[PDB]
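Order of listing sets the numbers, starting from 1, for every ligand and every atom in it. Residues take their numbers from the sequence shown, with the count starting at 1. Computation of the quantities below employed the complete heavy-atom set of this structure, encompassing side-chain atoms and omitting hydrogens, waters and symmetry-equivalent molecules.
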Amino acid sequence: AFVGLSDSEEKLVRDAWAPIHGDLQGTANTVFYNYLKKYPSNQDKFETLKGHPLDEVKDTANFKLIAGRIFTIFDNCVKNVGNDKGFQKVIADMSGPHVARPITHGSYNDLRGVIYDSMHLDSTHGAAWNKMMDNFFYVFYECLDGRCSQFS
Ligand code: HEM
């Protein structure tokens with residue numbers, strides 16, 4: 001379910017993300033590369049990347065576009081942590097292209113893990129972050145399941 005965050009937890013999320021917020025594209029490029037490298041089955045889900053070696057595409061405009069657009073969404077979710085309706089709208093709006101693409105929860109969860117691992121959070125910040133990400137995935141999966149109108 002959606003579970004609201006406390007005042008301190010909202011603040012913890014902002015602080016957790018702040019290094020990434022200040023280098024959004026650079027962080028995105030590294031994390032997206034690490035994700036495709038660790039979980040190579042996902043590269044085929046991106047038609048623009050499909051059929052090339054990962055090291056051949058990593059320096060391309062198309063790869064960086066994909067990495068950046070993921071991180072832009074998370075940046076906007078972080079922007080909206082004090083606004084449940086606004087946070088939910090951010091997600092609802094990016095959910096469409098993922099609806100009925102054959103991408104498993106496994107795939108999305110593996111991305112979440114790579115993001116988490118890249119942040120090297122202490123357990124306090126980690127817990128607040130996980131509450132936000134749990135909210136993210138609750139909304140996202142409801143929308144994938146055709147229950148997005150409550151959030152759109
Ligand atoms: C879970 C975090 C994610 C975020 C924040 C995100 C965000 C986005 C955004 C902003 C779009 C473009 C929406 C539009 O055109 O209006 C998009 C498209 C797309 N996404 Fe994601 N996404 C995520 C996860 C993934 C994963 C894990 C995959 C595959 C494994 C994936 C595959 C795609 C594909 C194939 C497209 C259509 C774009 C294309 O053909 O490249 N996404 N995503």
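- The aromatic rings of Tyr138 and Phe151 sit perpendicular, their planes meeting at an angle over 60°, well past the 30° parallel limit.
- Using bins of under 30°, 30° to 60° and over 60° for the plane-to-plane angle, the ring pair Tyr35/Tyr39 lands in the tilted bin.
- In summary, the atoms of ligand 1 found under 4.0 Å from a heavy atom of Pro97, numbered by their order in the structure, are 13 (C), 14 (C).
- Among all non-hydrogen protein atoms, the one lying nearest atom 4 (C) of ligand 1 is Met94 CE, 3.5 Å.
- Here the NZ-CZ distance, from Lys64 to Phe71, works out to 15.0 Å after rounding to the nearest 0.5 Å.
- For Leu111, the closest heavy-atom approach to ligand 1 falls below 4.0 Å.
- Contact annotation: for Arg112 versus ligand 1, there are no heavy atoms closer than 4.0 Å.
- Ranking the protein heavy atoms by distance from atom 26 (C) of ligand 1 puts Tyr108 CE2, 3.8 Å first.
- With values rounded to the nearest 0.5 angstrom, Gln150 atom CD is found 5.5 Å from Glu142 atom CD.
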From CA spacing to verdict: side-chain contact (heavy atoms from CB on, under 4.5 Å), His120, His125: CA-CA 10 Å; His120 308 285; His125 284 84; over 6 Å; no
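- At a heavy-atom distance under 4.0 Å, no atom of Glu47 approaches ligand 1.
- Within ligand 1, counting atoms from 1 as listed, the ones closer than 4.0 Å to a heavy atom of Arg101 are 35 (C), 37 (C).
- Nearest protein heavy-atom neighbour of atom 35 (C) of ligand 1: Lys45 O, 3.1 Å.
- Nearest protein heavy-atom contact of atom 39 (C) of ligand 1 is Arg69 NH2, 3.3 Å.
- A donor-acceptor contact under 3.5 angstrom links the side chains of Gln25 and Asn29, judged on distance only.
- Under a 4.0 Å criterion applied to the non-hydrogen atoms of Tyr35, ligand 1 contributes the atoms 27 (C), 30 (C).
- Between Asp93 and ligand 1, no pair of N/O atoms sits closer than 3.5 Å.
- A tilted orientation is assigned to the rings of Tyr108 and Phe137, their planes being inclined by 30° to 60°.
- Between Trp129 and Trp17, the angle of the ring planes stays under 30°, which puts this pair in the parallel group of the 30/60° scheme.
- When only non-hydrogen protein atoms are considered, atom 8 (C) of ligand 1 lies nearest to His98 CE1, 3.6 Å.
- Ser95 and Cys143 get closest at one heavy-atom pair: OG-CB, 3.4 Å.
- For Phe140, the closest heavy-atom approach to ligand 1 does not fall below 4.0 Å.
- Summary of contacts: the protein heavy atom closest to atom 33 (C) of ligand 1 is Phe46 CE2, 3.7 Å.
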